[PDB]
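Enquirer: Here it is, the structure in full.
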Amino acid sequence: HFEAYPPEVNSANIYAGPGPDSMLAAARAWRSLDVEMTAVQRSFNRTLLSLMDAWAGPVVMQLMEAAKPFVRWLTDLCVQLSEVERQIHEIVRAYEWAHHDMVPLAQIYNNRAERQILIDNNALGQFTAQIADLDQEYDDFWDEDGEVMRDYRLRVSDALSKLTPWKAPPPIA
Amino acid sequence: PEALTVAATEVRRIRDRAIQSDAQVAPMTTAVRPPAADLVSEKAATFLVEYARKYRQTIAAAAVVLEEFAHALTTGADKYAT
């Protein structure tokens with residue numbers, strides 16, 4: 001896919017953005033969300049218990065039974081919340097690796113520049129082998145950017161696949 | 001009877017806290033930007049934003065469930081006292 005792009009494009013694209021601060025901020029947000037909802041979970045169970053021992057009756061036990069699927073759902077929700085920060089960190093890490101491993105624009109430009117210079121002076125054919133060397137290096141740049149972008153896509157797709165779709169809560173009434 | 005009215009209030013408090021925490025971090029979770037200009041970064045950002053939006057809808061639904069439950073606690077207290 002990205003192997004159809006020249007390294008000039010693949011390298012430029014990975015260097016252009018604002019960086020991962022936006023994602024890391026989101027990660028800190030999901031963690032706090034996880035903390036808050038865990039406390040919400042505790043408070044919901046303390047309420048049910050506090051209602052049971054205060055006024056134990058047929059009406060209350062019915063309500064206690066009706067809420068059992070919801071406390072179950074709440075547990076699943078909290079588990080799912082604690083998962084998000086970890087997967088965002090995996091995505092950020094993947095990006096950081098892609099950024100680090102991509103062929104720097106300076107190296108690509110210098111290759112193309114050096115190749116043109118040799119070509120400009122190759123009427124006698126003494127630089128043909130070296131020009132071949134530079135074309136090989138550029139082809140390597142091309143394939144390397146392709147591989148880096150391939151691994152990036154794979155790592156991000158893996159991380160996103162661990163983010164289960166949210167399920168709607170069951171009624172208590 | 002009194003305990004049911006008390007329970008209804010504690011439930012509503014829980015609903016509020018869930019809604020408040022959701023609203024508090026929504027500007028961060030729904031505003032994820034692509035870290036780079038490439039297609040992979042954009043797809044990751046887009047996913048994380050949509051995921052946050054879907055979570056907010058999930059919490060709003062939970063808020064409804066909690067409020068219905070508090071209403072049943074309130075109706076239960078008044079209905080089973082007359």
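Every chain in the structure tokens takes a letter, A first, then B, and so on in the order presented; its residues are numbered from 1, and the ligands are numbered from 1 following the presented order.
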Any chance you could tabulate, as a Markdown table, the residues of chain B at most 9 Å from chain A with each one's nearest atom pair and distance in Å to one decimal, using only C-alpha atoms, in chain and rising number order?

Expert:
| residue | atom | partner | partner_atom | distance |
| --- | --- | --- | --- | --- |
| B:1 | CA | A:55 | CA | 8.0 |
| B:2 | CA | A:55 | CA | 8.9 |
| B:3 | CA | A:51 | CA | 6.3 |
| B:4 | CA | A:51 | CA | 7.2 |
| B:6 | CA | A:51 | CA | 8.4 |
| B:7 | CA | A:51 | CA | 6.4 |
| B:10 | CA | A:47 | CA | 6.8 |
| B:11 | CA | A:44 | CA | 7.2 |
| B:14 | CA | A:40 | CA | 6.2 |
| B:15 | CA | A:40 | CA | 8.5 |
| B:17 | CA | A:40 | CA | 7.3 |
| B:18 | CA | A:37 | CA | 6.7 |
| B:21 | CA | A:33 | CA | 6.4 |
| B:22 | CA | A:33 | CA | 7.0 |
| B:24 | CA | A:29 | CA | 8.8 |
| B:25 | CA | A:29 | CA | 5.6 |
| B:26 | CA | A:29 | CA | 8.2 |
| B:27 | CA | A:26 | CA | 8.9 |
| B:28 | CA | A:26 | CA | 5.2 |
| B:29 | CA | A:26 | CA | 4.7 |
| B:30 | CA | A:26 | CA | 8.0 |
| B:31 | CA | A:22 | CA | 7.5 |
| B:32 | CA | A:22 | CA | 5.3 |
| B:33 | CA | A:22 | CA | 5.8 |
| B:34 | CA | A:17 | CA | 7.1 |
| B:35 | CA | A:19 | CA | 4.2 |
| B:36 | CA | A:17 | CA | 3.6 |
| B:37 | CA | A:13 | CA | 4.8 |
| B:38 | CA | A:13 | CA | 5.2 |
| B:39 | CA | A:13 | CA | 8.9 |
| B:40 | CA | A:153 | CA | 5.8 |
| B:41 | CA | A:95 | CA | 7.5 |
| B:43 | CA | A:156 | CA | 8.9 |
| B:44 | CA | A:156 | CA | 6.9 |
| B:45 | CA | A:23 | CA | 7.9 |
| B:47 | CA | A:160 | CA | 7.8 |
| B:48 | CA | A:88 | CA | 8.3 |
| B:51 | CA | A:165 | CA | 7.8 |
| B:54 | CA | A:166 | CA | 6.9 |
| B:55 | CA | A:166 | CA | 6.3 |
| B:57 | CA | A:168 | CA | 8.6 |
| B:58 | CA | A:168 | CA | 5.7 |
| B:59 | CA | A:169 | CA | 8.5 |
| B:61 | CA | A:169 | CA | 6.7 |
| B:62 | CA | A:169 | CA | 5.9 |
| B:64 | CA | A:171 | CA | 8.9 |
| B:65 | CA | A:171 | CA | 5.6 |
| B:66 | CA | A:172 | CA | 7.8 |
| B:68 | CA | A:173 | CA | 6.7 |
| B:69 | CA | A:173 | CA | 6.0 |
| B:72 | CA | A:173 | CA | 7.1 |
| B:73 | CA | A:63 | CA | 8.5 |
| B:76 | CA | A:59 | CA | 8.0 |
| B:80 | CA | A:59 | CA | 8.8 |

Enquirer: Output C-alpha atoms for every residue in that selection, as a CSV table (one decimal), in the first residue's frame.

Expert:
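Written out: out.csv:
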chain,number,residue,atom,x,y,z
B,1,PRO,CA,-40.0,3.7,53.1
B,2,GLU,CA,-37.5,6.3,54.2
B,3,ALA,CA,-34.6,4.1,53.1
B,4,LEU,CA,-36.0,4.0,49.6
B,6,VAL,CA,-32.5,7.8,50.7
B,7,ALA,CA,-31.5,5.2,48.2
B,10,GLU,CA,-27.7,8.2,46.5
B,11,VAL,CA,-28.4,6.7,43.1
B,14,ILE,CA,-24.0,8.4,41.4
B,15,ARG,CA,-25.7,9.3,38.1
B,17,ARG,CA,-20.9,11.8,39.2
B,18,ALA,CA,-20.8,9.5,36.1
B,21,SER,CA,-16.7,12.6,34.9
B,22,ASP,CA,-17.8,11.8,31.3
B,24,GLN,CA,-15.0,16.5,32.3
B,25,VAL,CA,-12.6,14.6,30.0
B,26,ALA,CA,-14.7,14.6,26.8
B,27,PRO,CA,-12.8,17.6,25.5
B,28,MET,CA,-9.6,15.5,25.6
B,29,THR,CA,-10.9,12.1,24.5
B,30,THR,CA,-12.9,13.4,21.5
B,31,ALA,CA,-10.2,15.8,20.3
B,32,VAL,CA,-7.4,13.3,19.5
B,33,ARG,CA,-5.4,14.6,16.5
B,34,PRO,CA,-3.3,12.5,14.1
B,35,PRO,CA,0.3,12.6,15.3
B,36,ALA,CA,1.5,12.8,11.7
B,37,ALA,CA,0.1,13.4,8.2
B,38,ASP,CA,0.1,9.8,7.1
B,39,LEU,CA,-3.0,7.6,6.6
B,40,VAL,CA,-2.2,5.3,9.5
B,41,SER,CA,-2.0,8.2,12.0
B,43,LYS,CA,-7.1,6.3,11.0
B,44,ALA,CA,-5.9,5.8,14.6
B,45,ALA,CA,-7.0,9.3,15.6
B,47,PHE,CA,-11.0,5.6,15.6
B,48,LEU,CA,-10.1,7.0,19.1
B,51,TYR,CA,-14.6,5.4,20.4
B,54,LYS,CA,-19.6,5.9,21.5
B,55,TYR,CA,-18.5,5.7,25.2
B,57,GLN,CA,-23.5,7.5,24.4
B,58,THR,CA,-23.0,4.4,26.6
B,59,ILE,CA,-22.8,6.6,29.7
B,61,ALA,CA,-27.7,5.3,28.5
B,62,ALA,CA,-26.4,4.3,31.9
B,64,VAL,CA,-31.1,6.9,32.0
B,65,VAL,CA,-31.0,3.5,33.6
B,66,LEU,CA,-29.9,5.0,36.9
B,68,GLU,CA,-35.3,5.1,36.0
B,69,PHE,CA,-34.1,3.1,39.0
B,72,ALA,CA,-38.7,3.3,40.9
B,73,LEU,CA,-37.2,3.8,44.3
B,76,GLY,CA,-41.9,2.4,45.4
B,80,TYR,CA,-46.1,1.2,49.2

Enquirer: Running DSSP on the backbone, which parts of chain B land in helix (DSSP H, G or I), as a PyMOL selection string?

Expert: chain B and resi 2-29+39-79

Enquirer: Suppose you want the space between CA of residue 102 in chain A and CA of residue 117 in chain A; what is it in Å?

Expert: 25.2 Å
